[PDB]
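One structure below.
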Amino acid sequence: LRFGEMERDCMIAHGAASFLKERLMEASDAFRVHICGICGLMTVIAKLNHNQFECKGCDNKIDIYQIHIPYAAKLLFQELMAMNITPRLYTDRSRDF
Amino acid sequence: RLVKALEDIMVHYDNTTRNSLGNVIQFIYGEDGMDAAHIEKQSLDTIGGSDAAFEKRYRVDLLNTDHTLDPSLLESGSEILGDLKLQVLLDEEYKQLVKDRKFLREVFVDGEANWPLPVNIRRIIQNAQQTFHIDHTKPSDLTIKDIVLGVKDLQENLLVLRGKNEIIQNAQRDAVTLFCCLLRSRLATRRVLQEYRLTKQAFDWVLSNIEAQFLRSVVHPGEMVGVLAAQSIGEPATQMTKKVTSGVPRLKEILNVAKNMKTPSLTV
Amino acid sequence: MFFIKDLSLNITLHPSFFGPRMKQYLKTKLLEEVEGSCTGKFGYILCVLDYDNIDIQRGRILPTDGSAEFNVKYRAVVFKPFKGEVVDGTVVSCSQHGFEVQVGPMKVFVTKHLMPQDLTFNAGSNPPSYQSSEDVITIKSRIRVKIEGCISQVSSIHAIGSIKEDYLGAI
Amino acid sequence: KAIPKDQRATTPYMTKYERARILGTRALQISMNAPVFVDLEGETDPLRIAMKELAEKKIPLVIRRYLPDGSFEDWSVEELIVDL
Amino acid sequence: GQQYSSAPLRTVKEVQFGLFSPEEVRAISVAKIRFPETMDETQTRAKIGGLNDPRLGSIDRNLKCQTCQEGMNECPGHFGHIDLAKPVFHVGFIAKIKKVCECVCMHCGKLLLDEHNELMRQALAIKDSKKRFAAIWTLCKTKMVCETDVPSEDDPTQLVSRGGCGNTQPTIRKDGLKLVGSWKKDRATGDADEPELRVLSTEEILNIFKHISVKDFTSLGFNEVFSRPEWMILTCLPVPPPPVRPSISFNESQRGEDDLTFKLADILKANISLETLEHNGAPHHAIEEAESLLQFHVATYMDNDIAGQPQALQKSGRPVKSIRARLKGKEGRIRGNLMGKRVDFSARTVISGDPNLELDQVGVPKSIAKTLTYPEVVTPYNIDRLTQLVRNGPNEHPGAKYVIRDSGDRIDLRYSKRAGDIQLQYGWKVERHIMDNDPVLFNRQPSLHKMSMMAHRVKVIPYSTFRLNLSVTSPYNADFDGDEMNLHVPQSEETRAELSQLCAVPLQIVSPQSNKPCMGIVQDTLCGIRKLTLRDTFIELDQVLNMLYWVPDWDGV
Amino acid sequence: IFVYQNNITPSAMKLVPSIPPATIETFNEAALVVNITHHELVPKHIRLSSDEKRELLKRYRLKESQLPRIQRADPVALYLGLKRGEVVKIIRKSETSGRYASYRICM
Amino acid sequence: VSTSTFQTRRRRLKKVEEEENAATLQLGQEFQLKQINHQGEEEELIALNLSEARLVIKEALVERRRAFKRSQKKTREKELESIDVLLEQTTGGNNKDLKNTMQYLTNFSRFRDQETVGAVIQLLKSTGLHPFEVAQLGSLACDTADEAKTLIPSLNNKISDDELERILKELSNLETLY
Amino acid sequence: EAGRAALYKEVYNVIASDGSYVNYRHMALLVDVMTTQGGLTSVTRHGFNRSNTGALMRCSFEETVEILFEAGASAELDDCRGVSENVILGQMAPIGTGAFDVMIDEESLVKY
DNA sequence: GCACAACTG
DNA sequence: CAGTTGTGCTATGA
Ligand SMILES: [Mg+2]
Ligand SMILES: [Zn+2]
Ligand SMILES: [Zn+2]
Ligand SMILES: [Zn+2]
């Protein structure tokens, strides 16, 4: 059943942050990807078995993180890349405030 | 559009209302820092009536034999007449209530008394009575100092903001300005003794409850007032069914910050 | 060479361990992971210094599961070989292609060609050796090597060495 | 940047959201076979244990209250007022 | 679910947007994406090492990914590339490309105006990346000559030589996908009167953009690491892997490629014509013809609903679905798949009001309770119950559907040969039935306010309708004229808590909307409450006793 | 402050920023007929000092970005001859609190 | 999860240059001279000569064995067997690397006693050379200023020949026996 | 400031007309939000959706693709402070229950 | 089905 | 400066 935008708002209104997450992730889309730490893209060739990690073109076989995002988001990101747009995803900050 | 415009708006641990950029929207939520669920329309007594009946309801002159508090009212009564030191306290009490009155008349120009505020003071008193089985015939065991100063103290404990500095301290004073007028109006010396007929304990209990009830009434940091306010405006718009354009089209007019509007008018 | 480094690992604990032997378990897990570990960044992470004063810090509760993540700040002895570094080690393996000198936790290999011409391979010996007019290099032998270069392989670092230059070789 | 204890200025009272997260967290932990700091006097529901733990203020957790500027004030459940 | 990965688990803290440098596109590319032919090793079923898997992602469901081994639910998919025969504009940037030309010299690549113009240094000051670029444009668009010598900041008598090049600047107008210039010239000070008219080639604008100084373009909206202007022009085309454009494979011997897979094959086709055309005997007009077409296919693949009307349509009349379209709101990635989702552990049926239920409960039909599951961890406090629930099975009411080991592997009690002989170990999960008193989210759409989504106590009841207390009618806006309501079941001890502690029906009673309660006595009960409480109304002993007993808390007095 | 009857030529109007650090204000006589600050809807605006502003930002952990704004050309901002960066304290009567303090930064 | 450091640098997208490592004292970014300790304070690199390294590890495990027994309340060939025992009591055993290291260190250490090692440490940490150079002069046994300056090539113009030779003469005297 | 006062009066009146009562605060908050920026900001794509908030957040209302294109060309950096971002990212948002962090203290853990 | 918004005349 | 063309949205779930 659709847990649409309006129903999302209601949770936001409730301050039910985690129920909302569970609803959007675990109860739907929830997916695991490997991103590079240099270029913020899903370029990582995770051969999780031989435990090999690599992001060629970055030569990074070291600075790699796994992330839990909705498959729809992962898609959106690949769709933006197909449109030459780089949705660089980073696991730390550089801003403050 | 309402929900999208406000989504990221919430009360922070500094009692500020900000967005995703942390820009201040309201310095203190709702201008008072109160949670809307904890508010009731209460009568600001001091506001209306003749200057004469205000005087009758409020004024205590222990130096005038006809305007003192009768020893019927409190045990202290007979020994209270002519006590110059206490009269200074009652003079403050009165001077403040008159100040309050002029201020309320500046705020609500029309003279409307009924306004939504935290802590139902009427109910506290009512319960104090049924709780303590208040004998309206026997005199109180309260001091003028007990009443006068006790209310003065209670006021200092009605905490919304907390910071130790002029800026924040003054913000706190401002936040609680109206609620105090209400409190001073209801808990004045004559009212406490002549109307409510409160005993020392019954009074201390009233004060203690007002404190907790008030503290309980403040907003919780984390409260997502963005969506709240948006839904709070949106939902009643759904229910909708001189001749100046009103209802949904005017609301549409308004939100869109429409330049070329339907019914322009001046009220001269 | 042989350094002391100020490192930090990020251990995630399962709720079952949120008892009192918590710091104890975390400190042990630190040694499990980090001690005997080998990176390229820092090389061989050999011995974790100052066990008593390991900074646990506060562990943050990870949201949808119940676990807690800790940044365990620590100090330890490392060994990171460098190109151009002069090492003194002991021969372990020795073949027709050259000998492999054991330098601490790591092995350096000297090519038949990275040694002087005078040194020749002798198959006809128990154990196999490299013989010169003066020197004889076999298994137990102690050598001074110039690390020509390093290869950062997984759980180790390998290196190629020269004994051809001056003040290098059998000692 | 971490506001020191003597300088903390947020409510000394626990928020509705805080309580809900504490109760939720402990119950999730209790259910994940974690150690219980209270006498379960016949308790079996991890929430009912979490509630008992909060009532006896034997929950070993700290709320990290973040401020819009980045800084924070750490408060213990032990120290927070649960008037709610 | 998905397998264990050593990789440190983190959260996305920042999203740094940018543009692809061809160099990157090539570098991140696992294949190139040389032939429009989908697969069929020439009619022989299996993907052609040339388009859609020349390493890439993977089809088949069986047969692991060629680069990573993982497969289908795991392999995210890996990007490819096509080297374009000639540079092409990215549709989305066509106007920025124009606005950038309108701000720089179309010969030397110097900002038209600079530090010397007072209004320019005023605009150059603007902190905001966007407003700054806008202010710069409004000023530089007027400027029609690249200046060599400008009047000095101290005196206009002794003029100072700034940046070189004296060339006149064209008047740029968009002829849809083409940018055409109109240089006024000079000719005895008069002309134009009849100007010089030519199309500005992608390649020339590209060279111009490559010559714009870092400081010059950084003064413009652009970034020297993440978005250099030259990257608005496309040289290397990234190929999105199958997960973006899957092949809907009906039966064994039949294809079903995505729309994107077709539009890509078109870009491919158009490119090889252009490639062979220029390499061989270039009839020059046929070169600008095959180019314009590739420009069209690269354009339409991204955005299809453009100003200059011809919608790129698949032979069926049906217009080809652009990636841009995929994202456009209410349905379409953002609004449709992300701000909202269709969810698991949800139920919907007709509602009917019950005076015998309590305000905070909700009557849940048995069949629904039998479908909906709570994942409950085997603990000493529940072990025995959970074992009986497992024993009871999927068909009995208080039962269970699946037993999850530590191994992550699911035991379907419905079929498993060990469904009876099964012993739970602490740490396993029993996916049990929704039982009486479970907290659940109950909602009635639209969902205008907070109160339209509340937490309720389960009450498993017979008959196919969701039952609710009449006083909770108004917050929802429910009527029993045939309304339907939705139910969501939390899966975590944390989640249940959120519902029970923040959004429970008793908590929602007094509403912050109008500082008043949002539920009261209604209908029969209201009609009848007046009736009972008239002075004229009296009750004889017999009925008084039932009326008392009926109040569940009654002190027995 | 220059009070002008009908208009000032754009020739002369360009000589307004000519003499810094000194500042020149132009006011059309027609506007000034009615004091807008005396309106039912117009609250007290108070110019904060360099030291006062510094404190407001310190006490609220603010960047000037985070502060709500007043445009330089705002009727009241003109009356008080407010400069860019200058902050005002606004005192309105609240139906909620009785008295409320807002703050606006100049643009 | 792998191990992290004190150094923070935010190399955004800018992958490379990853500079060559030689004793032209161009060591890692990680092995810089100027560095940070857990307490945020700036602190110069710590390099150790084999023996400085031997006593550090030995001592570390010794105090660890003390802590492992505390919480539980409720001559070179002869030193080799000794350490091999200490390891079995404090190390994860699976750490074959520290085992090999301890043997190597036991057999190649120039100074047995802490007192001796301290004197070496003082004598060298006065030359004002780089921790690495200082380590090599303590680790590698040299007789000529040329022997030294060839093997620790970085030394070159940094020190005088006779000065270095005086140091070598002193290190030879401090050289613990066997 | 008078514009804010008038805007409230005018908003309040639409609600009051239909004989409905809405708590002051809500209307105040809307009015305030339009006002804060410096002048009158609309509750349209030309209004709020144009501010310096996170690109991802803004793309969730009206100019979706256009917003995202601009983001890349201008190398925009989303803070990930907005609700929407977390919702898109499948992250626990800094909303009510997520407005603070929770930690085990090994000091109090040993005390009990 | 409309309400600004922005480019061209 | 004014005029016309140009752009992007139009309730929630079944
Ligand atoms: Mg109906
Ligand atoms: Zn990379
Ligand atoms: Zn793959
Ligand atoms: Zn030029």
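Identifiers in this document derive from the order of the structure tokens: chains are assigned A, B, ..., residues are numbered from 1 separately in each chain, and ligands are numbered from 1 in order of occurrence.
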
Taking only C-alpha atoms (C1' of nucleotides) into account, which residues of chain H are within 10 Å of chain J, as a list in words?
residues 44, 45, 62 and 63 of chain H

Can you work out which residues are within 8 Å of ligand 1, considering only C-alpha atoms (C1' of nucleotides) and all ligand atoms, and then hand them over as an mmCIF file with N, CA, C and O atoms, in the first residue's frame?
data_model
loop_
_atom_site.group_PDB
_atom_site.id
_atom_site.type_symbol
_atom_site.label_atom_id
_atom_site.label_comp_id
_atom_site.auth_asym_id
_atom_site.auth_seq_id
_atom_site.Cartn_x
_atom_site.Cartn_y
_atom_site.Cartn_z
ATOM 1 N N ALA E 478 -13.549 9.572 9.011
ATOM 2 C CA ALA E 478 -14.203 8.337 8.653
ATOM 3 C C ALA E 478 -15.715 8.369 8.845
ATOM 4 O O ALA E 478 -16.239 9.018 9.751
ATOM 5 N N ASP E 479 -16.401 7.662 7.952
ATOM 6 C CA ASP E 479 -17.840 7.407 7.873
ATOM 7 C C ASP E 479 -17.890 5.906 7.498
ATOM 8 O O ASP E 479 -16.902 5.351 6.979
ATOM 9 N N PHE E 480 -18.982 5.224 7.801
ATOM 10 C CA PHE E 480 -18.986 3.802 7.475
ATOM 11 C C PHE E 480 -19.838 3.503 6.248
ATOM 12 O O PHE E 480 -20.344 2.396 6.077
ATOM 13 N N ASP E 481 -19.933 4.512 5.360
ATOM 14 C CA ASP E 481 -20.654 4.522 4.087
ATOM 15 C C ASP E 481 -19.885 3.752 3.020
ATOM 16 O O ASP E 481 -20.255 3.805 1.846
ATOM 17 N N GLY E 482 -18.791 3.109 3.425
ATOM 18 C CA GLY E 482 -17.949 2.320 2.542
ATOM 19 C C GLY E 482 -16.518 2.780 2.500
ATOM 20 O O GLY E 482 -15.822 2.530 1.518
ATOM 21 N N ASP E 483 -16.063 3.428 3.567
ATOM 22 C CA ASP E 483 -14.696 3.932 3.654
ATOM 23 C C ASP E 483 -13.711 2.801 3.838
ATOM 24 O O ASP E 483 -14.057 1.765 4.414
#

Can you pull out the residues contacting residue 221 in chain B? Cut-off 8 Å, using only C-alpha atoms (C1' of nucleotides), and skip same-chain residues under 6 positions away; I want them as a ChimeraX atom specification. /B:10-15 /D:15 /H:96,99

Let me see the file: selected residues, N, CA, C and O atoms, as a PDB file, in the first residue's frame.
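Now in result-v9.pdb:
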ATOM      1  N   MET B  10      11.642  23.386  12.800  1.00  0.00           N
ATOM      2  CA  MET B  10      11.542  22.822  14.158  1.00  0.00           C
ATOM      3  C   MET B  10      12.214  23.676  15.245  1.00  0.00           C
ATOM      4  O   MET B  10      13.097  24.501  14.955  1.00  0.00           O
ATOM      5  N   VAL B  11      11.783  23.436  16.498  1.00  0.00           N
ATOM      6  CA  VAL B  11      12.249  24.065  17.717  1.00  0.00           C
ATOM      7  C   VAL B  11      13.540  23.371  18.076  1.00  0.00           C
ATOM      8  O   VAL B  11      13.549  22.141  18.174  1.00  0.00           O
ATOM      9  N   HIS B  12      14.634  24.145  18.271  1.00  0.00           N
ATOM     10  CA  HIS B  12      15.945  23.594  18.654  1.00  0.00           C
ATOM     11  C   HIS B  12      16.185  23.641  20.132  1.00  0.00           C
ATOM     12  O   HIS B  12      15.445  24.321  20.853  1.00  0.00           O
ATOM     13  N   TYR B  13      17.240  22.943  20.592  1.00  0.00           N
ATOM     14  CA  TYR B  13      17.550  22.910  22.011  1.00  0.00           C
ATOM     15  C   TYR B  13      17.829  24.288  22.663  1.00  0.00           C
ATOM     16  O   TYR B  13      17.939  24.348  23.891  1.00  0.00           O
ATOM     17  N   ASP B  14      17.866  25.385  21.853  1.00  0.00           N
ATOM     18  CA  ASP B  14      18.029  26.756  22.320  1.00  0.00           C
ATOM     19  C   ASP B  14      16.708  27.534  22.315  1.00  0.00           C
ATOM     20  O   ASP B  14      16.686  28.768  22.464  1.00  0.00           O
ATOM     21  N   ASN B  15      15.595  26.787  22.173  1.00  0.00           N
ATOM     22  CA  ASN B  15      14.219  27.291  22.117  1.00  0.00           C
ATOM     23  C   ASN B  15      13.893  28.144  20.870  1.00  0.00           C
ATOM     24  O   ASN B  15      12.800  28.727  20.771  1.00  0.00           O
TER      25      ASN B  15
ATOM     26  N   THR D  15      12.763  15.537  27.231  1.00  0.00           N
ATOM     27  CA  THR D  15      11.741  15.788  26.184  1.00  0.00           C
ATOM     28  C   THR D  15      10.937  14.533  25.901  1.00  0.00           C
ATOM     29  O   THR D  15      11.424  13.434  26.178  1.00  0.00           O
TER      30      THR D  15
ATOM     31  N   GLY H  96      12.298  15.442  15.686  1.00  0.00           N
ATOM     32  CA  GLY H  96      11.888  14.947  16.991  1.00  0.00           C
ATOM     33  C   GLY H  96      12.868  13.929  17.526  1.00  0.00           C
ATOM     34  O   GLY H  96      13.999  14.287  17.814  1.00  0.00           O
ATOM     35  N   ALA H  99      16.475  14.421  16.658  1.00  0.00           N
ATOM     36  CA  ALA H  99      17.051  15.734  16.935  1.00  0.00           C
ATOM     37  C   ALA H  99      18.257  15.751  17.902  1.00  0.00           C
ATOM     38  O   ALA H  99      18.861  16.823  18.130  1.00  0.00           O
TER      39      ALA H  99
END

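Closest approach to ligand 3 from the set A:4, A:77, A:30, A:44 is made by A:44, with distances taken over only C-alpha atoms and all ligand atoms.
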
Around ligand 3, at most 7 Å away and counting only C-alpha atoms (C1' of nucleotides) and all ligand atoms, which residues are there? Put them as a list in words, please.
-> residues 45 of chain A; 56, 57, 65, 66, 67, 68, 69, 70, 71, 75, 76, 77 and 78 of chain E

Specify as a compact mmCIF listing (two decimals) with N, CA and C atoms, in the first residue's frame all residues of chain D found within 7 Å of chain E, counting only C-alpha atoms.
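Wrote it out as part29.txt, contents follow:
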# COMPACT_ATOMS: atom_id res chain seq x y z
N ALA D 20 10.84 8.65 24.44
CA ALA D 20 10.44 7.70 23.41
C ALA D 20 11.69 7.02 22.84
N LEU D 23 13.31 4.79 25.85
CA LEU D 23 12.51 3.58 25.99
C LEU D 23 12.70 2.61 24.78
N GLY D 24 12.59 3.14 23.55
CA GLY D 24 12.78 2.38 22.33
C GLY D 24 14.13 1.69 22.25
N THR D 25 15.19 2.45 22.49
CA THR D 25 16.55 1.95 22.46
C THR D 25 16.74 0.82 23.47
N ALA D 27 14.53 -1.08 25.12
CA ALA D 27 13.70 -2.23 24.73
C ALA D 27 14.36 -3.04 23.58
N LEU D 28 14.87 -2.34 22.55
CA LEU D 28 15.55 -2.99 21.44
C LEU D 28 16.80 -3.73 21.94
N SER D 31 15.83 -6.77 24.25
CA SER D 31 15.35 -7.83 23.35
C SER D 31 16.47 -8.49 22.60
N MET D 32 17.58 -7.77 22.41
CA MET D 32 18.78 -8.25 21.74
C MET D 32 19.69 -8.94 22.79
N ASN D 33 19.07 -9.53 23.82
CA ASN D 33 19.69 -10.27 24.93
C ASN D 33 20.78 -9.47 25.69
N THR D 44 8.60 -9.41 31.22
CA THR D 44 8.88 -10.20 30.04
C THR D 44 8.90 -9.33 28.80

Q | Env. residues ligand 2 / 8 Å / only C-alpha atoms (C1' of nucleotides) and all ligand atoms / as a ChimeraX atom specification | A | /A:35-44,55-60 /E:28 /G:13

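CA of residue 160 in chain C to CA of residue 109 in chain C spans 4.8 Å [interatomic distance, one decimal].
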
* Asked: So which residues of range 4-77 of chain A fall under strand (DSSP E) by DSSP, listed as an MDAnalysis selection string?
  -> chainID A and resid 30:36 64:70

Spatial neighbours of residue 79 in chain A, 12 Å, only C-alpha atoms (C1' of nucleotides), chain gap at least 2 places, as a PDB file with C-alpha atoms, in the first residue's frame:
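Saved as around-v6.pdb:
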ATOM      1  CA  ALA A  72      15.036   4.204  -5.727  1.00  0.00           C
ATOM      2  CA  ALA A  73      17.726   6.699  -4.526  1.00  0.00           C
ATOM      3  CA  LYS A  74      20.554   4.440  -5.867  1.00  0.00           C
ATOM      4  CA  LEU A  75      18.628   4.472  -9.222  1.00  0.00           C
ATOM      5  CA  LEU A  76      18.101   8.277  -9.157  1.00  0.00           C
ATOM      6  CA  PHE A  77      21.820   8.652  -8.676  1.00  0.00           C
ATOM      7  CA  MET A  81      25.082  10.073 -13.845  1.00  0.00           C
ATOM      8  CA  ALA A  82      23.505   8.954 -17.137  1.00  0.00           C
ATOM      9  CA  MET A  83      22.628  12.683 -17.521  1.00  0.00           C
ATOM     10  CA  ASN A  84      26.356  13.659 -16.890  1.00  0.00           C
ATOM     11  CA  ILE A  85      25.459  14.923 -13.315  1.00  0.00           C
ATOM     12  CA  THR A  86      27.745  13.743 -10.434  1.00  0.00           C
ATOM     13  CA  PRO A  87      25.835  13.049  -7.220  1.00  0.00           C
TER      14      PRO A  87
ATOM     15  CA  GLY E  77      25.444  -2.304 -12.158  1.00  0.00           C
ATOM     16  CA  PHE E  79      28.869   2.158 -16.044  1.00  0.00           C
ATOM     17  CA  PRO E 238      28.439   7.354 -19.964  1.00  0.00           C
ATOM     18  CA  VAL E 239      26.420   4.196 -20.563  1.00  0.00           C
ATOM     19  CA  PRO E 240      24.082   3.377 -17.640  1.00  0.00           C
ATOM     20  CA  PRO E 241      24.115  -0.372 -16.738  1.00  0.00           C
ATOM     21  CA  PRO E 242      21.052  -2.682 -17.116  1.00  0.00           C
ATOM     22  CA  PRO E 243      19.541  -1.899 -13.627  1.00  0.00           C
ATOM     23  CA  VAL E 244      18.727   1.615 -14.995  1.00  0.00           C
ATOM     24  CA  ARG E 245      17.252   0.220 -18.287  1.00  0.00           C
ATOM     25  CA  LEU E 260      16.685   3.834 -22.814  1.00  0.00           C
ATOM     26  CA  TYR E 301      17.675  10.674 -24.503  1.00  0.00           C
ATOM     27  CA  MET E 302      18.073  13.184 -21.668  1.00  0.00           C
ATOM     28  CA  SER E 322      13.504  10.706 -21.494  1.00  0.00           C
ATOM     29  CA  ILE E 323      15.520  10.236 -18.243  1.00  0.00           C
ATOM     30  CA  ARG E 324      14.212  13.789 -17.318  1.00  0.00           C
ATOM     31  CA  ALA E 325      10.618  12.495 -17.591  1.00  0.00           C
ATOM     32  CA  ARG E 326      11.451   9.533 -15.260  1.00  0.00           C
ATOM     33  CA  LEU E 327      12.176  12.010 -12.449  1.00  0.00           C
ATOM     34  CA  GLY E 332       8.618   9.538 -11.046  1.00  0.00           C
ATOM     35  CA  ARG E 333      11.625   8.855  -8.848  1.00  0.00           C
ATOM     36  CA  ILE E 334      11.661  11.850  -6.444  1.00  0.00           C
TER      37      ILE E 334
ATOM     38  CA  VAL H  65      15.266  18.172 -12.978  1.00  0.00           C
ATOM     39  CA  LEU H  68      19.334  19.070 -10.116  1.00  0.00           C
TER      40      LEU H  68
END

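If you take only C-alpha atoms (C1' of nucleotides) and a cut-off of 12 Å, the residues of chain B that reach chain J are residues 1, 234, 235 and 238 of chain B.
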
Sorted by chain and rising residue number, which residues of chain E lie within 12 Å of ligand 4, and what are their closest atom pairs and distances in Å to one decimal, counting only C-alpha atoms and all ligand atoms, as a Markdown table?
| residue | atom | partner | partner_atom_place_in_ligand_line | distance |
| --- | --- | --- | --- | --- |
| E:101 | CA | ligand 4 | 1 (Zn) | 11.9 |
| E:103 | CA | ligand 4 | 1 (Zn) | 11.5 |
| E:104 | CA | ligand 4 | 1 (Zn) | 8.1 |
| E:105 | CA | ligand 4 | 1 (Zn) | 4.7 |
| E:106 | CA | ligand 4 | 1 (Zn) | 6.7 |
| E:107 | CA | ligand 4 | 1 (Zn) | 5.0 |
| E:108 | CA | ligand 4 | 1 (Zn) | 3.9 |
| E:109 | CA | ligand 4 | 1 (Zn) | 6.2 |
| E:110 | CA | ligand 4 | 1 (Zn) | 5.9 |
| E:111 | CA | ligand 4 | 1 (Zn) | 8.4 |
| E:112 | CA | ligand 4 | 1 (Zn) | 7.8 |
| E:113 | CA | ligand 4 | 1 (Zn) | 11.0 |
| E:143 | CA | ligand 4 | 1 (Zn) | 11.9 |
| E:144 | CA | ligand 4 | 1 (Zn) | 10.7 |
| E:145 | CA | ligand 4 | 1 (Zn) | 8.0 |
| E:146 | CA | ligand 4 | 1 (Zn) | 4.7 |
| E:147 | CA | ligand 4 | 1 (Zn) | 7.0 |
| E:148 | CA | ligand 4 | 1 (Zn) | 7.9 |
| E:149 | CA | ligand 4 | 1 (Zn) | 11.6 |
| E:162 | CA | ligand 4 | 1 (Zn) | 10.7 |
| E:163 | CA | ligand 4 | 1 (Zn) | 7.5 |
| E:164 | CA | ligand 4 | 1 (Zn) | 5.9 |
| E:165 | CA | ligand 4 | 1 (Zn) | 3.8 |
| E:166 | CA | ligand 4 | 1 (Zn) | 5.8 |
| E:167 | CA | ligand 4 | 1 (Zn) | 5.8 |
| E:168 | CA | ligand 4 | 1 (Zn) | 8.4 |
| E:169 | CA | ligand 4 | 1 (Zn) | 8.8 |
| E:208 | CA | ligand 4 | 1 (Zn) | 10.1 |
| E:211 | CA | ligand 4 | 1 (Zn) | 10.6 |
| E:212 | CA | ligand 4 | 1 (Zn) | 10.6 |

CA of residue 22 in chain C sits from CA of residue 68 in chain G at a separation of 14.9 Å

- Message: With only C-alpha atoms considered, list every residue of chain B at most 12 Å from chain D, as a PyMOL selection string.
- Response: chain B and resi 10-24+35+159-165+168-169+212-224

If DSSP is run on the backbone, what residues of chain H are helix (DSSP H, G or I)? A reply as number ranges by chain would be ideal. H: 2-17, 24-36, 48-50, 55-59, 64-73, 83-89, 96-98, 106-111

What's the 10 Å shell around residue 4 in chain I, counting only C-alpha atoms (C1' of nucleotides), without same-chain residues fewer than 5 positions away, as number ranges by chain?
B: 256, 258-259; H: 46; J: 7

Which chain E residues have any atom within 6 Å of an atom of chain H, and for each, what is the nearest pair of atoms with distance in Å to one decimal, counting only C-alpha atoms, rows sorted by chain and number, as a tab-separated table?
residue	atom	partner	partner_atom	distance
E:14	CA	H:79	CA	5.3
E:15	CA	H:78	CA	4.8
E:16	CA	H:77	CA	4.4
E:17	CA	H:72	CA	4.6
E:18	CA	H:72	CA	3.9
E:19	CA	H:72	CA	5.5
E:221	CA	H:74	CA	5.4
E:222	CA	H:74	CA	5.2
E:226	CA	H:75	CA	5.7
E:227	CA	H:73	CA	5.4
E:338	CA	H:88	CA	5.5
E:513	CA	H:23	CA	5.9
E:514	CA	H:23	CA	4.9

Write out, as a compact mmCIF listing (two decimals), in the first residue's frame, the residues just selected, with C-alpha atoms.
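Result file is part-v3.txt:
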# COMPACT_ATOMS: atom_id res chain seq x y z
CA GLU E 14 27.17 15.60 2.21
CA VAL E 15 26.09 15.50 -1.43
CA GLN E 16 28.70 17.31 -3.61
CA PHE E 17 27.08 17.91 -7.03
CA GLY E 18 29.24 18.29 -10.16
CA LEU E 19 29.76 17.40 -13.86
CA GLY E 221 28.94 30.14 -11.35
CA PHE E 222 31.56 27.30 -12.05
CA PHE E 226 33.56 19.67 -9.85
CA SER E 227 32.09 21.78 -12.75
CA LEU E 338 11.27 8.53 -2.66
CA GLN E 513 -4.31 22.96 15.95
CA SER E 514 -6.88 24.85 18.00

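Within 9 Å of chain H, and counting only C-alpha atoms, chain C contributes residues 18, 19, 20, 21, 22, 23, 56, 57, 58, 59, 60, 61, 62, 63, 64 and 68 of chain C.
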
Residues near residue 92 in chain F, anyone? I mean within 7 Å using only C-alpha atoms (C1' of nucleotides), not counting same-chain ones fewer than 2 positions away, as a PyMOL selection string. chain F and resi 43+90+94+99-101

Selection from above, C-alpha atoms, as a JSON list (two decimals), in the first residue's frame, can you write it?
[["chain", "number", "residue", "atom", "x", "y", "z"],
["F", 43, "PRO", "CA", 6.76, 48.61, 15.97],
["F", 90, "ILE", "CA", 12.15, 45.04, 17.04],
["F", 94, "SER", "CA", 2.41, 39.68, 21.49],
["F", 99, "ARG", "CA", 6.09, 41.63, 24.41],
["F", 100, "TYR", "CA", 8.34, 39.94, 21.73],
["F", 101, "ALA", "CA", 11.82, 40.83, 20.46]]
